[PDB]
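Novice: So I pulled this structure from the PDB, and the sequence comes with it:
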Amino acid sequence: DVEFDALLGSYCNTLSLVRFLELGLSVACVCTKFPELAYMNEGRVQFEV
Amino acid sequence: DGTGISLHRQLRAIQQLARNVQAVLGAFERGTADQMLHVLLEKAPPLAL
């Protein structure tokens, strides 16, 4: 008596990768890379109007 | 069923049959030896007597 057991075709989704600036909201922030930030111990931003 | 599985079945059946048919035919070839001994032992008087 010959009886097998079958794997019928496994499946995978893909994580979609978004970029933010490609987003409608990719705006609203001015992200700038900053390397010594580990070091900086108080950054200030100044304004005059 | 006209499929690969429904044949290797048959192949495995044909093969057991041939294995039994061959065992019973060679049984009569040994049945004559076992048979012969009993008719020779039936009439052998002990040598002592």
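Specialist: On my side now, so go ahead. Residues are numbered from 1 along each chain as shown, chains lettered A, B, ... in the order given.

Novice: rest of the way, CA atoms for contacts and neighbours
Specialist: OK.

Novice: ok, residue A:4 - how many residues close by?
Specialist: 6 (other CA atoms under 10 Å in any protein chain shown).

Novice: Kindly report the same for the one 4 residues further on.
Specialist: Close neighbours of residue A:8, defined as other CA under 10 Å, add up to 6.

Novice: where does it fall, helix, sheet strand or coil?
Specialist: coil (DSSP: H, G, I helix; E, B strand; the rest coil).

Novice: Report the contact partners of it.
Specialist: Residues in contact with residue A:8 (CA atoms under 8 Å, 6 or more residues apart in numbering or on different chains): none are found.

Novice: quick one: it and residue B:43, what's the gap?
Specialist: 73 Å (CA to CA, to the nearest Å).

Novice: same deal with residue B:19?
Specialist: Distance from residue B:19 to residue B:43, by CA to CA: 37 Å.

Novice: With residue B:49 instead?
Specialist: Taking CA to CA, one finds residue B:49 at 13 Å from residue B:43.

Novice: ok, the two, which is more surrounded?
Specialist: Shown here are residue B:49 and residue B:43; by other CA under 10 Å, residue B:43 has more neighbours (8 against 4).
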